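Structure first, then comments.
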Amino acid sequence: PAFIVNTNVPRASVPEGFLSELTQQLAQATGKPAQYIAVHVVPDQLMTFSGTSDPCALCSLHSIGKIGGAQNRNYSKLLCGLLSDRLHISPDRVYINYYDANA
Amino acid sequence: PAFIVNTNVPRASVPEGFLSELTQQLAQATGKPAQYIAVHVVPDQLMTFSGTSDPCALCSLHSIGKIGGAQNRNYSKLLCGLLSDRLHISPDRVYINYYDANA
Amino acid sequence: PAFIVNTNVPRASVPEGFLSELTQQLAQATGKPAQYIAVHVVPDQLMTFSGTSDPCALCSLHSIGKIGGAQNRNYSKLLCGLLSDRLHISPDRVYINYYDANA
Numbered sequence: 001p002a003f004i005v006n007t008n009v010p011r012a013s014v015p016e017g018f019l020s021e022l023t024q025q026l027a028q029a030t031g032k033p034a035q036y037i038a039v040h041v042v043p044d045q046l047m048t049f050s051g052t053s054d055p056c057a058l059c060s061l062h063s064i065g066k067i068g069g070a071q072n073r074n075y076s077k078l079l080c081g082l083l084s085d086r087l088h089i090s091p092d093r094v095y096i097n098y099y100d101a102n103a
Numbered sequence: 001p002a003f004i005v006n007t008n009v010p011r012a013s014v015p016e017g018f019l020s021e022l023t024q025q026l027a028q029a030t031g032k033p034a035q036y037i038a039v040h041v042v043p044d045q046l047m048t049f050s051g052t053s054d055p056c057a058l059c060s061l062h063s064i065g066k067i068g069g070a071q072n073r074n075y076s077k078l079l080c081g082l083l084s085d086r087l088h089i090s091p092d093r094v095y096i097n098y099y100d101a102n103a
Numbered sequence: 001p002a003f004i005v006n007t008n009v010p011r012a013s014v015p016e017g018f019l020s021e022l023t024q025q026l027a028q029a030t031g032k033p034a035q036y037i038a039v040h041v042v043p044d045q046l047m048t049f050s051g052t053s054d055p056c057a058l059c060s061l062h063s064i065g066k067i068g069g070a071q072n073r074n075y076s077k078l079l080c081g082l083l084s085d086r087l088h089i090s091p092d093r094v095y096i097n098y099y100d101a102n103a
């Protein structure tokens, strides 16, 4: 699958090893080997979310299958927590859309 | 909903207050409170449109519902006009795709 | 149609004339006049692909029709080869998704 993150936090607030960590995390969460994963992080964006430009993140995960409700819940929790902790965004400001990359 | 704008106009040609204005506009147009809106503007892009790299904009609006034909018309008019006026792009060079964010 | 390319190769590794070339290529491949084509190239991205941050490219082609299997094959070959040659990415590191822009 492919995980895209669009964020208004500065490029310098992104830790060394963040793309590697996130990559390993998705590999754990999805049960897919790192070989089937792509991560794309885009910092320094001009964005408003729920009315303000406080730190936020619009993300999307694209898979070649339909994710189930339990997976959605488990992915969002894991992914929002990772993003809020490492990039310091309030959990309620990280939004994730799931797309059936082949549907 | 979420409105994404990809444009080749420079970051400095984007006015102070543009994200706030656009945000308020979408809130008016859609009847949704600013709380349910996200705007993402990406300037300085390398893009050609109808063959040239004259100023242009590729945008997409993502909603959790199907937009009707009258809404599409009303959204495009309002949104293209706002973008052409504030960012100085010819109206025929602003393209908007509508996605049913949950379909 | 619209062809989007997200790549981790530097902006300076992108040749003068690349957007014009790619544009003409899509016009040839699809049988559509340059007027119906848009190209968007985004370099300098933070991305991992199959586990590493070696040069790669995540792309998507959006059309107002369903592409057939022969077209997919023909588009991928042409497009991956163009991208690998001009931007120096290993062919197995260029991924292209096809979307029915109006479906």
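Keeping their order, the protein sequence lines are chains A, A' and A''. A prime marks a further copy of an entry chain. Under the entry's author numbering, think of the first position of the first sequence as 1, with each following residue one higher. Under the entry's author numbering, think of the first position of the second sequence as 1, with each following residue one higher. Under the entry's author numbering, think of the first position of the third sequence as 1, with each following residue one higher. The C-beta atom is built at its ideal place from N, Cα and C for all residues, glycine as well.
Assess contact between the stretch 63-73 of chain A'' and the stretch 9-28 of chain A'', defined as three or more Cβ pairs (one per stretch) separated by less than 8 Å. Is contact present? No contact exists between the stretch 63-73 of chain A'' and the stretch 9-28 of chain A''.
Name, please, each residue of chain C whose Cβ falls closer than 7 Å to the Cβ of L58 (chain A''). Among the protein chains in the structure shown, which are A, A' and A'', there is no chain C.
By how many angstroms is the C-alpha of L26 (chain A) removed from the C-alpha of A29 (chain A')? If you number the second sequence from 1, residue 29 (chain A') lands on position 29. If you number the first sequence from 1, residue 26 (chain A) lands on position 26. In this structure, the CA atom of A29 (chain A') is about 38 Å from the CA atom of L26 (chain A).
Who are the neighbours of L19 (chain A'') on chain A', taking C-beta pairs under 9 Å? The residue given as residue 19 (chain A'') occupies position 19 in the third sequence. Near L19 (chain A'') (Cβ distances below 9 Å), the residues of chain A' are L46, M47, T48 and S53.
Sequence-distant residues of its chain with Cβ nearer than 8 Å to residue 104 (chain A') (five each side left out): The shown model of chain A', from 1 to 103, leaves out residue 104 (chain A'), and the question about it has no answer.
Need the endpoints of the alpha helix (DSSP H) that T52 (chain A'') sits in, please. Sequence index remark: in the third sequence, residue 52 (chain A'') carries index 52 (1-based). Judged by DSSP secondary structure, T52 (chain A'') falls outside any alpha helix (DSSP H); it is assigned neither H nor E.
If distances are taken between C-alpha atoms only, which option among A:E16, A:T7 and A:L79 comes closest to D44 (chain A)? Here residue 44 (chain A) refers to the residue found at position 44 when the first sequence is read from its first residue. Selected option, being the one with the closest Cα: A:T7.
Grouping DSSP H, G and I as helix and E and B as strand, with all else coil, what is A70 (chain A'')? Indexing the third sequence from 1 puts residue 70 (chain A'') at position 70. In the structure shown, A70 (chain A'') sits in a helix (DSSP, three-state: H, G or I).
Using CA coordinates, which residue listed in A':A103, A':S13, A':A12 and A':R11 is at the minimum distance from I64 (chain A')? Taking the first residue of the second sequence as 1, we reach residue 64 (chain A') at position 64. Ranking the options by Cα distance to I64 (chain A'), first place goes to A':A103.
Any idea which residues DSSP pairs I96 (chain A'') with across the strands? Within the third sequence, residue 96 (chain A'') is the residue found at index 96, counting from 1. Beta-bridge analysis with DSSP links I96 (chain A'') to A'':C59.
Answer yes or no: do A2 (chain A'') and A57 (chain A'') have a C-beta to C-beta separation smaller than 7 Å? If you number the third sequence from 1, residue 2 (chain A'') lands on position 2. If you number the third sequence from 1, residue 57 (chain A'') lands on position 57. The criterion of a C-beta distance shorter than 7 Å is not satisfied by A2 (chain A'') and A57 (chain A'').
Would you please verify whether the beta carbon of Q28 (chain A') is less than 7 Å from any beta carbon of chain A? Start at 1 with the first residue of the second sequence, and residue 28 (chain A') comes out as number 28. It does not; no Cβ of chain A falls within 7 Å.
Distance cutoff 7 Å, beta carbons only. Does residue 106 (chain A'') sit that close to anything in chain A'? The structure shown does not extend to residue 106 (chain A''), since chain A'' is modelled only from 1 through 103, so no value can be given for it.
Which term fits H40 (chain A), buried or exposed, when burial requires 16 or more other beta carbons within 10 angstroms of its beta carbon? Within the first sequence, the letter at position 40 stands for residue 40 (chain A). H40 (chain A) is classed as buried because its beta carbon has at least 16 other beta carbons within 10 Å across all chains shown.
Would you say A34 (chain A'') faces chain A', with C-beta separation under 7 Å as the test? Along the third sequence, read from residue 1 onward, the residue named residue 34 (chain A'') stands at position 34. Yes, contact with chain A'.
For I67 (chain A) and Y99 (chain A), the rounded distance between their alpha carbons: Numbered from its first residue, the first sequence carries residue 99 (chain A) at position 99. Numbered from its first residue, the first sequence carries residue 67 (chain A) at position 67. C-alpha separation (whole angstroms): 8 Å.
Could you tell me which chain A'' residues have their CB closer than 8 Å to the CB of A12 (chain A), listed as they occur along the chain? In the first sequence, residue 12 (chain A) corresponds to position 12, counting from 1. What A12 (chain A) touches in chain A'': nothing, since even the nearest Cβ is about 12 Å away.
Expressed to the nearest angstrom, what Euclidean distance is found between the alpha-carbon atoms of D85 (chain A) and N97 (chain A)? If you number the first sequence from 1, residue 85 (chain A) lands on position 85. If you number the first sequence from 1, residue 97 (chain A) lands on position 97. Each residue's alpha carbon lies about 20 Å from the other.
Exposed unless 16 or more other CB atoms sit within 10 angstroms - verdict on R11 (chain A): Here the question's residue 11 (chain A) lines up with position 11 in the first sequence. Exposed is the label assigned to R11 (chain A), since fewer than 16 other Cβ atoms lie within 10 Å of its Cβ.
Which residues in the same chain as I4 (chain A') place their Cβ atom closer than 7 Å to its Cβ, once the five residues preceding and following it in sequence are excluded? The count along the second sequence starts at 1 and reaches residue 4 (chain A') at position 4. The residues are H40, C59 and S60.
Paired residues, beta bridge with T7 (chain A'') - DSSP: Counting from 1 along the third sequence, the entry for residue 7 (chain A'') is found at position 7. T7 (chain A'') pairs with A'':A57.
Is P15 (chain A') buried or exposed, if buried means 16 or more other CB atoms sit within 10 Å of its CB? Looking up residue 15 (chain A') in the second sequence gives position 15. For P15 (chain A'), the number of other beta carbons within 10 angstroms of its own is below 16, and it is reported as exposed.
Determine the extent of the alpha helix (DSSP H) in which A38 (chain A) is found, giving its start and end residues. Against the first sequence, residue 38 (chain A) aligns to sequence position 38. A38 (chain A) -> not in any alpha helix (DSSP H); beta strand (DSSP E) instead, spanning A38 to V42.
Is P91 (chain A'') buried or exposed, if buried means 16 or more other CB atoms sit within 10 Å of its CB? In the third sequence, counting from the first residue as 1, residue 91 (chain A'') sits at position 91. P91 (chain A'') is classed as exposed because its beta carbon has fewer than 16 other beta carbons within 10 Å across all chains shown.
Boundaries of the alpha helix (DSSP H) in which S20 (chain A'') is found, first to last residue: Sequence index remark: in the third sequence, residue 20 (chain A'') carries index 20 (1-based). Run containing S20 (chain A''): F18 to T30, per the alpha helix (DSSP H) assignment.
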